[PDB]
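Asker: Mind looking over this structure? Questions follow.
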Amino acid sequence: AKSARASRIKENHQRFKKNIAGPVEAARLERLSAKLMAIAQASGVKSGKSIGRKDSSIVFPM
Amino acid sequence: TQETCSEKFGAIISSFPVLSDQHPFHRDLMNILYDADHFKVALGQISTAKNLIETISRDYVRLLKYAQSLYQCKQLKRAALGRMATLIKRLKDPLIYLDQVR
Amino acid sequence: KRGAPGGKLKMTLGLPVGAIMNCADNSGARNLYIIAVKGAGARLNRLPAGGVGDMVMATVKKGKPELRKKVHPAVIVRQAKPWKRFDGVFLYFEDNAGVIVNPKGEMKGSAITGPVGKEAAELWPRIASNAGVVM
Amino acid sequence: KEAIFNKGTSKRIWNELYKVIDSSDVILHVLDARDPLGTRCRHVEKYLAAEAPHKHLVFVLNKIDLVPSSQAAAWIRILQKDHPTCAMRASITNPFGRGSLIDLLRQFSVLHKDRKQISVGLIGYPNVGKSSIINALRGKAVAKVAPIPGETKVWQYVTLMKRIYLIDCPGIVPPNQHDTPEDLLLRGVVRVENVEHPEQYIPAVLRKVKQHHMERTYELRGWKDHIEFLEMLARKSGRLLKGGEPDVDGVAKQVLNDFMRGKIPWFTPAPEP
Amino acid sequence: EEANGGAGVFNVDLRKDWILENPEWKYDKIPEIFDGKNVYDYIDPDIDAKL
Amino acid sequence: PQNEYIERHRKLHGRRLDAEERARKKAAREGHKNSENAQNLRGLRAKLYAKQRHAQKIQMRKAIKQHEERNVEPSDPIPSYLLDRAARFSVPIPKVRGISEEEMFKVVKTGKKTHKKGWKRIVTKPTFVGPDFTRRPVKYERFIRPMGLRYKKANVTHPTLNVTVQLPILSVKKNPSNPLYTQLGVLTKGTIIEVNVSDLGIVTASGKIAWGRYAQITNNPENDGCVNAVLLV
Amino acid sequence: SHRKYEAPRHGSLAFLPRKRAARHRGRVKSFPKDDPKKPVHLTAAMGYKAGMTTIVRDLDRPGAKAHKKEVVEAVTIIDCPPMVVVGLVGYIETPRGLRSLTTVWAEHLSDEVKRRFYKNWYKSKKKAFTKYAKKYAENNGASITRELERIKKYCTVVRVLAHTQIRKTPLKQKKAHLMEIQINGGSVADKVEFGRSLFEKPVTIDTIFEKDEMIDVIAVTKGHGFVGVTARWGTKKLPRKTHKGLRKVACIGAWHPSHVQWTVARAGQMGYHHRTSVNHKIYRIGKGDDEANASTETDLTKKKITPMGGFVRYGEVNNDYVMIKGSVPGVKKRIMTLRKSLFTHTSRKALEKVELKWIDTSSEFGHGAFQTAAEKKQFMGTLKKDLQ
RNA sequence: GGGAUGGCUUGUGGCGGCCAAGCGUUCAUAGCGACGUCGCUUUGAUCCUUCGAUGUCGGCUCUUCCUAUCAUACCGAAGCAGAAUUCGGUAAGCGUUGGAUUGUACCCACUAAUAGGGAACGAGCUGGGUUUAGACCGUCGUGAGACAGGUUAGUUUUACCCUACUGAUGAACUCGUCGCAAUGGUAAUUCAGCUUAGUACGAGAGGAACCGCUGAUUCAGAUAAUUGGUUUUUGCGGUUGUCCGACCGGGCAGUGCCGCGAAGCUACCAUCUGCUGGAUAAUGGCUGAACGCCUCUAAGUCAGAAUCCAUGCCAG
RNA sequence: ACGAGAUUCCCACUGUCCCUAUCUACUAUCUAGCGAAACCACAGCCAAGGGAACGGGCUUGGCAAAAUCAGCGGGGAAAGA
RNA sequence: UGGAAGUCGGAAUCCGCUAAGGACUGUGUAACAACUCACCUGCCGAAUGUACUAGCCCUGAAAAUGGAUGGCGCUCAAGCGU
Ligand SMILES: Nc1nc2c(ncn2[C@@H]2O[C@H](COP(=O)(O)OP(=O)(O)OP(=O)(O)O)[C@@H](O)[C@H]2O)c(=O)[nH]1
Ligand SMILES: [Mg+2]
Ligand SMILES: [Mg+2]
C-alpha cells in the first residue's frame, strides 16, 4: 500500500486541495468573515503617532 | 542448502509435462519438436542430482553429529557445499536444454 | 480470490475458531466445526473470529459420512451474539448457523431452512437466491 | 492426516531399532498370526539382506491362540519356505513353543561358541508380543507388557542364559504409500482414544469379522449397517449421552479395542496353494 | 455521471422521476415525526370525512 | 499468442524509437559503471565481482594471445615405448601428524548421579569395523565406534594408470600413531589399508587374480567426509 | 536471543510523558497558517461540554453502502455562550521564535474575567485594571494609540484576547476562561483595526464556525489517577496465581543496559492528558433564542436540545450550541477549545452536507423512551395526582 | 580447604593427473604456480536401506537493536503479450499469525508475509538435560552397593535501602494571568470492493494499470448517546430457616439466596478520530570535458523509495 | 472388588483462554500513639578504553541544580548460598 | 540443409585487382538484399599507443544499547615522505 508520506499521495492531495475543497472552504471563509465583520462594524509624542519608549543581557556589562 | 536445492529441483520436475500422462497427440508432438529421449534424460538427470544432493546432505549431517571442533565442522560444511556445487556443475547442458524447452 | 467479501461493514464477530454451528442447508451435514476464517489478520494470541456473511473453513462433525473427510468453505448466516447495523439496530438470531458453499460462493445445497442474515444475503447472491426469509 | 498415524515412524524409534540390529546376532521378527503378511517388515528384511547378511533372521508367529490351527500351520509352511519359523503363544503361565525357541537359540549359541555371548533382538510392529515373548522365555515378568501400543519405548537387555542375551525394541512401522490409516488402526499401530471419528473403521471390522461371531459376542443381531449396530449396542450397554443420545464414538472405541485385543475372533485366511 | 464527476462522486437525484399532481412538490421535505407519533400512520385519503 | 510472437511483433511494428540510442548510450556508459562498481561495491559482492573480473581478464588475455600467434618434454631422448614412464621402498607419505588420545577418544559419561562414570571412550575418527561385525554388549563395550563414522569403500587411485576407482576395504594394516588405533581400525591420514583390487585386473604371472593390495590414505577423512587412497604399486 | 514471535509495541511513544496536563484549559499549540490575501477572521473559540445524544442522519455519500439511507450516529453537544473580546496581543519574529511585544486591553472588563487574575476574589479589593482604565482617559488614550501603532508597525501576528461568559452556563464556577485567538487574513493594520472594532463586543459561535465544517477539539481528557500497566498500556495479563502480581509486566528487563528503559510499561498516572483531536464535523449550530433548535425538517416536534430531565451532571443548555459528530476528549462541564483546521481538507466527508432527520431528547438518566413531557403524559394517561 | 578461543566468524569438497599466464632459472635447467579441465564419490526412478544424547533446549510476559529483505514502496533484467512471476539493487519506515502431535521436530490453515538473528547460552515464573533422602523393575557384583538403563513421588521463603524507571510535590526570584519554543519523543499500517473495464493485451482460455470513490486488517489516542457486562443504590420486589405472640414492620445466616436495576466504570462485546513540506538512496536523464569518437560527472544540473529531516502531535 | 497410586480419551461444565471489565471486605495510603530487624570498607548516572576478555573510583567524553512522596523490580544488595 | 549466397552448422581458408579489402567483425533476410567492422585513400596538424614498475587513494566482508586517531576538530592539513 502507498503510505501517507508518499510523493504520489501528496501530489493527489495537493491537486484535491487546489481544485475541489479550496473553493468550498474559500466561500465559507467569505461568508463567516462578512458575518463577523457585521459585528465588528456594528504633536506625535503627545498623540502617540511617534512610537516612543514605553513607560542577563546581550552584552557584557561595562 | 539441501532444502533450497530440493525445492528448486522439485519445482523444475513437477512443472514440466509428463509425456506418459499426455494425450497421444501432445506426446508425439513433443516427440517431434524435442527429442523425447533427450527430454527424459534431462529430467532424469535433474532427479538424480536432487536425490544425490539429499544423500550427501544426510551423510554430512550425520558426520556433523560427531564432529568435535569448529574447524572440523567448518571443513565438513565446506565439503558438503562443494559436493553440492560439483553436482550442480555437472548439469550445464540439461539446464540450458530445459530452459529452451520451457 | 481468497473468499474475502468486499464492502462488509464492521460488526461484532461472535464465532471464534473452535465454534460449532448448525448447517442450515440440505447438503447432508448437521453441524459445522470452525477451524479458520477467511481474511483473518495477524495478531499474537488472538483467535480468528467471524460474523454473519463471513466465509470460514469448517469440518463436518455430524452428518452424511462423506462430508466428514473434507474441509469445506462455509458462510455464516445466523449468529446469537448481538451486533449493530448502520441503522442503530442491535439484533441477534436464535442460534449460530451457516451454509456450505464453494470457494466462489455458490451453494452445495439446494434450499435453506430458517432465515438468513441481511449481511450474508448482501455479500453472497446465491444465498439470497436460495434463501426463504431475509432478516 | 493425524500424527497419531505417524506414530511408529519416529527417527528416535528407528535409531533404537538400528541400535538393536547392530547389537544383535539373531533377530527374532515377530509376526501376528492374525495378519502375518501385514505385520511383516520387508523393509528391515531388505536392509538385513543387503547390509548385514551375517545376522540370522528368524520368524516367530505369535498369538496363535487367536487363529485356527490349520490356518496357523499353513502360515507356518508359507513362512518356513523363506526363513526358520517358530509358532508361539507368549504367556508366562501357559506358553507354547518356548522349548522350540530355546532349542533354536541354543543351536545359534553353540554355532557362535567362539564369541562370549550372543544377543537376540526382537523386532516387529507394536503389540505383536515382543515383550511377552521375552517374559515367556525368561519365566519372569522382566519387561512391561500392555495391550496399548508403544508400551516399550527404549531398548532393554534381558539375560536369559549366561551366553544368550535378549534385547527388546519399540514397535516400528515402516513407511509405505499403500498403507491407509484404516489399515494401520486395524493392525494396531495407533490407540483408539487419540484418533478422531472412530466409527468409520467399524465397516472394516464388520468386513473382517464373520457376522455370527459378532452376534454371539454381543448377544445382538438384526442391524442393517454399522451405524445401527453401534446405536443398538449403545442402547443395550447404556452408553448414553445427556438427553438419551447414544454414544456411538465410545461404543466404536470399545469395538475397536475388542478387535485388536482379541475379544472378537478374526483371522486372515492363508493363500490357497 | 461521467460528465458530473464519475462513479462515487456523482450524487443521483432520486426525486427527479417522481410523478406528482403538482411538480412544485418534487423536493418537499415530507414530515415523519410529530409530537411522538408517526405521520404515515395517520395518512388517510378519507381523513377529512373521518375528522 | 503462439510461436515467435514477439519477433513477429517486431517485424510488423518495430521497436521503441529511442531503443537503439539508449542501447548505444548504455554501452558507452558501461566503462564508467564498471569502474564505479569496482570502486564502490562493498563486502562479499565486491569480492565476487573482483574474482569474476579477474577471470574475464585472464580469458581475454588468452584470447588476445591466441589471435596473436594464430600464424606461427623430457631431457634425454627416449623412444615412444619408454615415454610417460618413471631401491628405497618408501610409502608416498612416510610421516604424518601424531594423534593424541584426547583427539582420538572422547569420554562418554554414564550413570544417574551427579557424579558420572567415565570409562567409555568414543572414537571420533572414521573407522573400518571389519567384516561380519556385531557390536559388543553395552555393559562390556568400552570403545564405541559409531555407525555414522564407519566406511567400507575408499576412492583408490592407481598411480601409473592415473584412474580412481571405489574399492572395498579388507582390513586396516597400520595406523602409524598407535597400534591400538590399528586394532580399532581407524582410518586417518597415512594409514595403510588393504583393498580388494579385483576390479583393476591385477594378475599374477600365471593367471592368479591379485584380489588384495595395500594402499595409503592420503587425505583427512574426519575433515573431508570421504576416504581417498593411493595404491602402493 | 531474539524474540520468537513478533508483536507490535503496546502504546505509542508519541504521547510521552503520560503525566497530568500542566493546565486545565487546553492550549492551542499551533494556529492555521496565515494568508494575507484571505479576509480577516477568527480561528478559535471555547465552549463547555454538555453531553452526548443520538441522531438519525439521511446520508448522502456516493459509493458507500449506506448511500441514500438512514444512519444512527453519536454526537456531542457543546454549550457555547458568546465570547467577549477584551484584549489585543502583538507578536514579532525573532531568531529565537515568536515574541510577544505588547498587549492592549479594553477599558471595561467584566467581573468574570477579573476573577481569572485572583485566587481569593471574595477577600480582594478588586483593584485589577483600575489604574489601567485611566490611561484611556488621560491624554485621550495617547498610550493606547501608541501601543496600537506599535503593533501596526512592528508586529506580524495579531491575536485577540477573548473570555467566555460562564454566567450563562449552569456551572457553579464564576471564574471565566480567557484565551488568545489569532486573527488570520488581511494585513497587520487590518488585524489591529479589526481587534479594536471588536473590543467589548460579544462574539457568537456562528460567526466563527459554520455547519458542515470539520474542526479540531483541544482539551484535557478524563483523569483516572494511578493505574497499573494492564489498563494503562494494554499489556497481556499474567496467568492465574502468578507470584507477586498477575496484572504486571513479567520482564521489565532481561538484557543490557543494566537499567530500566523509558519504553517499558510502568504503572503511573493515566488520563488527564492534553489532547488535540482533528477532523470533527459540525452537524448543527443551534441558536439559544430558538425554542425548536432540536427540531428537523421531518421531525416537527417543537423541542430544545436539552434531554428530558436535563443533561446528567451538567444542567440545561440555554445558549447557542454546537453539535459535533462523534466524541471529543474531555468530561462533562469541561472547557473545550474549538479550532479551525490547519490544512485544506482532502476528504469528501468534509464536503458532505449533513441533513438531520431526528435528534434524541429522551432521558439519559435511564432507559427514557419519551422525547417531551407531553409524550410521556399522553402515553401514561391520567394518574392519581392529577385528580388529587 | 580450593575452584567454577576472541579485530574469532560467512558462498562455492578432498585425493590424484594434465594444461597454463606467470615466479624462478642459463656454468645446475630443476622446482612453485592463478585461471581451468579430467576420473571416484534414474529415460523424470524407488517408496522393500530413518545407521548411537557425555555435552541440551523450550515456553510465558515485555522492550530494544542489526540486516544477512519474507511482505509492503521504488528501480534494472529475462518470451516478461496480459495475468502470475523469476533473478537482482536501494532500502529495517512498517508488519511477520492461529493450531495439531511427547510410544518424545515436522505437518495443517489463514494471511501481504508468516525473514533471519543479538542483547543469556564465550537469583522473574514455569516444563525436559537433571541427578539428595522413600520405592520398584532391568544389567553388573559373593556382598554392601554400582549402573546400559526405565518408572513414580518429592522444602528457599527479599525489598522498607541506593541507583535506574514510572508518575506526584516543591524552597529561592512579590503574587497572578496570557504566551514563546531550545531540547527530548514522535505514527500510522496493509488488504479488499466500485469505476476505469471484460477495456488495453490475446488464436483462445483468460485478463490489468493511472486518476476518482467506499470499506476493512493491525496499531494508536480518546469516548459512554446507544447496546451488552458489572450492583452495597443493600433502590424495589420475591423467597428458605429462625427469632421479635400473629399482622405490619424488622434482625440474623460476615452481601442468606434470587429477579430487575439507574448512576459510575467499562468492551473492535460499543462508538469516534488518526494530518504535509523539503532533501535524498538505487536508478532514469540534460549540458559537457577527461580522451578531436564517446560518456548521467569531472565543473554544473533534472527527476526519483514506505528512506532521511522537520510541520502537524506530546512534554516544557 | 478396593485405592487422596501413575496415564490416555469422551459427554457435561465452565473467565483456562479470545479479552478483559466491574463490585465487596481487609490491607497497602494519610493521621494520633507505639515501634524493630536484615544489611552496611566508602559510596551510588552513563558510553569507550583500562593485555592478566573485571570495573563504581583510573583515562577520554557525554554531562551535571536543593529537599521530597507513592510504586517498581533492570542493576547493586539480598538464599541459615 | 526444407531454405543457408562471409555472418544456423563441419572442414579448409587460395588467387586475382590492388591503395586496400577476412572464403569475413557484428546488425539483418525464409534465403537474398542492405548496413557495418577489419584494411586503404582524401581533409587536418605534432605528438601518441601498448604493457609493466613505484607512491598516495577506493574496494578487497560486516552484525546487533550510543561513541570514539584520547576529545574537539583538521583538506596548499592540525594527513603522508624527507
Ligand atoms: N491371545 C494372545 N495374546 C497375546 C499373546 N502375546 C501377547 N499378547 C497380547 O498382546 C499384547 C501386546 O503385548 P506386548 O508384550 O506389549 O507386545 P509388544 O509388541 O512388545 O507391544 P509394545 O510394548 O507396544 O511394543 C499384550 O497385552 C498381550 O495381552 C499371545 O500369545 N496370545
Ligand atoms: Mg504393547
Ligand atoms: Mg513392547
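FYI, nothing fancy with the C-alpha cells labels: chains A, B, ... in order, residues from 1 per chain, ligands from 1 as they appear.
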For ligand 3, return the neighbouring residues as JSON, numbers by chain (distance at most 10 Å; only C-alpha atoms (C1' of nucleotides) and all ligand atoms).
Answerer: {"D": [122, 123, 124, 125, 126, 127, 128, 129, 130, 131, 132, 133, 134, 143, 144, 145, 146, 147, 148, 149, 150, 151, 152, 153, 154, 155, 168, 169, 170, 171], "H": [103]}
Asker: Write down as a PyMOL selection string the residues of chain E whose backbone DSSP state falls under strand (DSSP E or B).
Answerer: chain E and resi 33-34+37-38
Asker: Considering only C-alpha atoms (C1' of nucleotides), can you say which of G:65, G:20, G:2, G:385 comes closest to chain J?
Answerer: G:2
Asker: Per DSSP on the backbone, filter chain E down to the residues in helix (DSSP H, G or I) and report them as a CSV table (one decimal) with C-alpha atoms, in the first residue's frame.
Answerer:
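Saved to result.csv:
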chain,number,residue,atom,x,y,z
E,23,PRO,CA,-44.4,19.3,-9.9
E,24,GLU,CA,-43.5,22.0,-7.3
E,25,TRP,CA,-43.8,19.4,-4.6
E,26,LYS,CA,-41.0,17.3,-6.1
E,27,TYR,CA,-38.4,18.5,-3.5
E,39,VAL,CA,-47.4,10.8,10.3
E,40,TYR,CA,-47.5,7.9,7.8
E,41,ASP,CA,-49.7,6.0,10.2
E,42,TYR,CA,-52.2,8.9,10.2
E,47,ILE,CA,-59.2,11.8,6.7
E,48,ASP,CA,-61.4,14.8,6.1
E,49,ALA,CA,-64.6,12.7,6.3
E,50,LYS,CA,-63.4,10.8,9.3
Asker: Identify, on the basis of only C-alpha atoms (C1' of nucleotides), every residue whose closest approach to residue 124 in chain H does not exceed 12 Å; exclude the query and any residue fewer than 3 positions from it along the same chain; express the result as an NGL selection string.
Answerer: (:G and (242-245 or 248-254)) or (:H and (60-62)) or (:I and (73-74))
Asker: Take the selection from the previous step and output its residues with C-alpha atoms (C1' of nucleotides), as a PDB file, in the first residue's frame.
Answerer:
ATOM      1  CA  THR G 242       1.256 -15.706  39.379  1.00  0.00           C
ATOM      2  CA  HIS G 243       3.543 -14.915  42.308  1.00  0.00           C
ATOM      3  CA  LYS G 244       3.867 -11.195  43.132  1.00  0.00           C
ATOM      4  CA  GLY G 245       1.069  -9.836  40.943  1.00  0.00           C
ATOM      5  CA  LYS G 248       2.002  -6.782  35.847  1.00  0.00           C
ATOM      6  CA  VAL G 249       4.752  -6.975  33.225  1.00  0.00           C
ATOM      7  CA  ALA G 250       6.795 -10.127  33.801  1.00  0.00           C
ATOM      8  CA  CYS G 251      10.079  -8.706  32.470  1.00  0.00           C
ATOM      9  CA  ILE G 252      10.858  -5.005  32.788  1.00  0.00           C
ATOM     10  CA  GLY G 253      14.305  -6.018  31.520  1.00  0.00           C
ATOM     11  CA  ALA G 254      16.326  -9.126  30.754  1.00  0.00           C
TER      12      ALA G 254
ATOM     13  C1'   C H  60       5.035 -17.019  29.124  1.00  0.00           C
ATOM     14  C1'   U H  61       5.354 -11.587  29.555  1.00  0.00           C
ATOM     15  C1'   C H  62       7.873  -7.311  27.651  1.00  0.00           C
TER      16        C H  62
ATOM     17  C1'   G I  73      11.571  -4.966  40.394  1.00  0.00           C
ATOM     18  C1'   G I  74      16.777  -3.595  35.370  1.00  0.00           C
TER      19        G I  74
END
Asker: Go ahead and compute the interatomic distance for CA of residue 98 in chain D and CA of residue 60 in chain D, in Å to one decimal.
Answerer: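 Taking CA of residue 98 in chain D and CA of residue 60 in chain D, their separation equals 10.8 Å.
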Asker: At a cut-off of 12 Å, using only C-alpha atoms (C1' of nucleotides), what residues contact range 24-31 of chain B? Leave out same-chain residues fewer than 6 positions from it and give the result as a PyMOL selection string.
Answerer: chain B and resi 16-18+37-40+101-102
Asker: Output C-alpha atoms for every residue in the selection just made, as a short mmCIF file (atom, residue, chain, number, x, y, z; two decimals), in the first residue's frame.
Answerer:
data_model
loop_
_atom_site.label_atom_id
_atom_site.label_comp_id
_atom_site.auth_asym_id
_atom_site.auth_seq_id
_atom_site.Cartn_x
_atom_site.Cartn_y
_atom_site.Cartn_z
CA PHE B 16 7.38 -29.90 -16.80
CA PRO B 17 4.81 -32.11 -18.58
CA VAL B 18 4.94 -35.88 -18.13
CA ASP B 37 14.82 -39.44 -25.22
CA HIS B 38 16.80 -36.25 -24.53
CA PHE B 39 13.83 -34.76 -22.64
CA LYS B 40 13.55 -37.80 -20.37
CA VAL B 101 12.23 -26.33 -23.99
CA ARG B 102 10.40 -24.30 -21.32
#
Asker: Compute the set of chain A residues within 12 Å of chain H, using only C-alpha atoms (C1' of nucleotides), and express it as a tab-separated table (two decimals) with N, CA, C and O atoms, in the first residue's frame.
Answerer:
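As a result, out.tsv now contains:
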chain	number	residue	atom	x	y	z
A	1	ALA	N	0.83	-1.20	0.00
A	1	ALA	CA	0.00	0.00	0.00
A	1	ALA	C	0.86	1.25	0.00
A	1	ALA	O	1.99	1.24	0.49
A	2	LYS	N	0.33	2.33	-0.56
A	2	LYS	CA	1.04	3.60	-0.55
A	2	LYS	C	0.86	4.29	0.80
A	2	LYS	O	-0.25	4.35	1.34
A	3	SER	N	1.96	4.80	1.33
A	3	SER	CA	1.95	5.40	2.66
A	3	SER	C	1.32	6.78	2.62
A	3	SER	O	1.03	7.35	1.56
A	4	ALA	N	1.08	7.33	3.82
A	4	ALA	CA	0.65	8.72	3.91
A	4	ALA	C	1.78	9.66	3.51
A	4	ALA	O	1.53	10.72	2.93
A	5	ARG	N	3.02	9.30	3.83
A	5	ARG	CA	4.18	10.09	3.43
A	5	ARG	C	4.72	9.61	2.09
A	5	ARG	O	5.92	9.34	1.96
A	6	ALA	N	3.85	9.50	1.09
A	6	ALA	CA	4.23	9.09	-0.26
A	6	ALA	C	4.04	10.26	-1.20
A	6	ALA	O	3.06	11.00	-1.09
A	7	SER	N	4.99	10.42	-2.14
A	7	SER	CA	5.00	11.59	-3.01
A	7	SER	C	3.77	11.65	-3.91
A	7	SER	O	3.20	12.72	-4.13
A	8	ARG	N	3.35	10.49	-4.43
A	8	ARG	CA	2.18	10.45	-5.30
A	8	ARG	C	0.90	10.79	-4.54
A	8	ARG	O	0.04	11.51	-5.05
A	9	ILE	N	0.77	10.29	-3.31
A	9	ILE	CA	-0.40	10.60	-2.49
A	9	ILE	C	-0.40	12.07	-2.10
A	9	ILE	O	-1.45	12.71	-2.07
A	10	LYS	N	0.78	12.63	-1.82
A	10	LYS	CA	0.89	14.05	-1.52
A	10	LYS	C	0.49	14.90	-2.73
A	10	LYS	O	-0.19	15.92	-2.58
A	11	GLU	N	0.91	14.49	-3.93
A	11	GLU	CA	0.52	15.22	-5.14
A	11	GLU	C	-0.98	15.13	-5.40
A	11	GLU	O	-1.59	16.12	-5.81
A	12	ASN	N	-1.57	13.95	-5.19
A	12	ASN	CA	-3.02	13.80	-5.34
A	12	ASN	C	-3.77	14.67	-4.35
A	12	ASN	O	-4.77	15.32	-4.69
A	13	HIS	N	-3.30	14.72	-3.10
A	13	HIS	CA	-3.93	15.55	-2.09
A	13	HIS	C	-3.76	17.03	-2.41
A	13	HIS	O	-4.67	17.83	-2.16
A	14	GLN	N	-2.61	17.42	-2.96
A	14	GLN	CA	-2.39	18.80	-3.37
A	14	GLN	C	-3.33	19.20	-4.50
A	14	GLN	O	-3.88	20.31	-4.50
A	15	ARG	N	-3.53	18.31	-5.47
A	15	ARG	CA	-4.49	18.57	-6.54
A	15	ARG	C	-5.91	18.69	-6.00
A	15	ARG	O	-6.67	19.56	-6.43
A	16	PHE	N	-6.27	17.82	-5.04
A	16	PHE	CA	-7.59	17.89	-4.43
A	16	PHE	C	-7.78	19.21	-3.68
A	16	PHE	O	-8.84	19.84	-3.78
A	17	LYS	N	-6.76	19.65	-2.94
A	17	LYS	CA	-6.82	20.91	-2.21
A	17	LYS	C	-6.96	22.09	-3.17
A	17	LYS	O	-7.71	23.03	-2.90
Asker: Within 6 Å of chain H, which residues of chain G show up when using only C-alpha atoms (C1' of nucleotides), listed as a ChimeraX atom specification?
Answerer: /G:14-16,52-54,63-64,74,98-99,117,249-251,255-256,259-260,264,266-269,326-327,329,366
Asker: Once you have the residues from the selection above, write them out as an mmCIF file, in the first residue's frame, restricted to C-alpha atoms.
Answerer:
data_model
loop_
_atom_site.group_PDB
_atom_site.id
_atom_site.type_symbol
_atom_site.label_atom_id
_atom_site.label_comp_id
_atom_site.auth_asym_id
_atom_site.auth_seq_id
_atom_site.Cartn_x
_atom_site.Cartn_y
_atom_site.Cartn_z
ATOM 1 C CA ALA G 14 4.420 9.959 20.627
ATOM 2 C CA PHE G 15 2.356 10.786 23.741
ATOM 3 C CA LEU G 16 5.048 10.534 26.386
ATOM 4 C CA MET G 52 -23.945 13.407 24.124
ATOM 5 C CA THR G 53 -27.082 12.355 22.261
ATOM 6 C CA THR G 54 -28.263 10.280 19.292
ATOM 7 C CA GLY G 63 -20.123 4.946 -3.377
ATOM 8 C CA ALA G 64 -20.938 3.996 0.220
ATOM 9 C CA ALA G 74 -23.461 9.586 18.162
ATOM 10 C CA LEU G 98 7.781 34.392 18.251
ATOM 11 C CA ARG G 99 7.903 37.017 20.983
ATOM 12 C CA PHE G 117 -6.498 37.200 37.880
ATOM 13 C CA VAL G 249 4.752 -6.975 33.225
ATOM 14 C CA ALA G 250 6.795 -10.127 33.801
ATOM 15 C CA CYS G 251 10.079 -8.706 32.470
ATOM 16 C CA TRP G 255 19.067 -7.581 28.631
ATOM 17 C CA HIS G 256 21.694 -4.861 28.732
ATOM 18 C CA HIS G 259 18.761 -0.077 33.679
ATOM 19 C CA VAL G 260 15.031 0.222 33.124
ATOM 20 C CA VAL G 264 8.904 -0.170 29.224
ATOM 21 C CA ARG G 266 5.164 1.121 34.102
ATOM 22 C CA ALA G 267 2.322 1.943 36.469
ATOM 23 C CA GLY G 268 1.530 5.608 36.959
ATOM 24 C CA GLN G 269 -0.824 8.448 36.076
ATOM 25 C CA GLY G 326 -18.526 11.520 17.335
ATOM 26 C CA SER G 327 -16.692 12.048 20.617
ATOM 27 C CA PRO G 329 -11.612 14.399 24.608
ATOM 28 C CA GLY G 366 -32.195 5.867 32.411
#
Asker: Using only C-alpha atoms, find which residues of chain B lie within 8 Å of chain F and jot them down as a VMD selection string.
Answerer: chain B and resid 59 to 60 62 to 63 66 to 68 72 to 73 75 to 76 79
Asker: With only C-alpha atoms counted and 6 Å as the cut-off, give the residues of chain E in contact with chain G, each with its shortest interatomic distance in Å and the pair that gives it, as CSV.
Answerer:
residue,atom,partner,partner_atom,distance
E:8,CA,G:63,CA,4.3
E:9,CA,G:62,CA,5.7
E:11,CA,G:62,CA,5.9
E:31,CA,G:298,CA,4.1
E:32,CA,G:298,CA,5.2
E:33,CA,G:299,CA,4.6
E:34,CA,G:300,CA,5.1
E:35,CA,G:301,CA,5.2
Asker: When you count only C-alpha atoms (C1' of nucleotides), which of these residues is closest to chain D: H:58, H:256, H:149, H:143?
Answerer: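 Among the listed residues, H:149 lies closest to chain D.
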Asker: Please provide the set of residues having any atom within 10 Å of residue 44 in chain F, restricted to only C-alpha atoms (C1' of nucleotides), with same-chain residues fewer than 5 positions apart removed, written as an NGL selection string.
Answerer: (:F and (49-50)) or (:H and (10-11)) or (:J and (60-62))
Asker: Tell me as a count of residues only which residues belonging to chain G come within 9 Å of chain A, counting only C-alpha atoms.
Answerer: 41
Asker: What does the distance from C1' of residue 55 in chain H to CA of residue 81 in chain B come to in Å, to one decimal?
Answerer: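 Value for the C1' of residue 55 in chain H-CA of residue 81 in chain B distance: 26.7 Å.
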Asker: Write out as a PDB file with N, CA, C and O atoms, in the first residue's frame the residues lying within 9 Å of residue 135 in chain F, counting only C-alpha atoms (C1' of nucleotides) and excluding same-chain residues fewer than 4 positions away.
Answerer:
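Result saved to around-v7.pdb:
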ATOM      1  N   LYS D  19      20.061 -49.634  16.529  1.00  0.00           N
ATOM      2  CA  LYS D  19      20.931 -49.991  17.645  1.00  0.00           C
ATOM      3  C   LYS D  19      20.744 -51.451  18.045  1.00  0.00           C
ATOM      4  O   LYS D  19      21.724 -52.172  18.278  1.00  0.00           O
ATOM      5  N   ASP D  22      22.265 -53.627  15.239  1.00  0.00           N
ATOM      6  CA  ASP D  22      23.720 -53.618  15.316  1.00  0.00           C
ATOM      7  C   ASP D  22      24.246 -54.407  16.505  1.00  0.00           C
ATOM      8  O   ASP D  22      25.319 -55.010  16.404  1.00  0.00           O
ATOM      9  N   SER D  23      23.522 -54.425  17.623  1.00  0.00           N
ATOM     10  CA  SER D  23      23.955 -55.181  18.787  1.00  0.00           C
ATOM     11  C   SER D  23      23.520 -56.640  18.774  1.00  0.00           C
ATOM     12  O   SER D  23      23.973 -57.403  19.633  1.00  0.00           O
ATOM     13  N   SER D  24      22.674 -57.055  17.833  1.00  0.00           N
ATOM     14  CA  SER D  24      22.113 -58.400  17.840  1.00  0.00           C
ATOM     15  C   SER D  24      22.749 -59.287  16.776  1.00  0.00           C
ATOM     16  O   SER D  24      23.051 -58.834  15.669  1.00  0.00           O
ATOM     17  N   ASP D  25      22.946 -60.560  17.127  1.00  0.00           N
ATOM     18  CA  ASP D  25      23.371 -61.606  16.200  1.00  0.00           C
ATOM     19  C   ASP D  25      22.184 -62.322  15.569  1.00  0.00           C
ATOM     20  O   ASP D  25      22.171 -62.570  14.356  1.00  0.00           O
TER      21      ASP D  25
ATOM     22  N   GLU F 141      31.193 -52.983  26.268  1.00  0.00           N
ATOM     23  CA  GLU F 141      31.922 -52.222  25.256  1.00  0.00           C
ATOM     24  C   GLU F 141      32.529 -50.996  25.928  1.00  0.00           C
ATOM     25  O   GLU F 141      31.845 -50.238  26.618  1.00  0.00           O
ATOM     26  N   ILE F 144      33.601 -47.190  21.741  1.00  0.00           N
ATOM     27  CA  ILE F 144      32.397 -47.012  20.944  1.00  0.00           C
ATOM     28  C   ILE F 144      32.785 -46.467  19.579  1.00  0.00           C
ATOM     29  O   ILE F 144      33.343 -45.368  19.470  1.00  0.00           O
ATOM     30  N   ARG F 145      32.480 -47.232  18.531  1.00  0.00           N
ATOM     31  CA  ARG F 145      32.702 -46.823  17.146  1.00  0.00           C
ATOM     32  C   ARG F 145      31.330 -46.602  16.526  1.00  0.00           C
ATOM     33  O   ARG F 145      30.634 -47.569  16.179  1.00  0.00           O
TER      34      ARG F 145
END
Asker: Pick out the chain J residues within 12 Å of chain G. Count only C-alpha atoms (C1' of nucleotides). Give them as a PyMOL selection string.
Answerer: chain J and resi 64-66
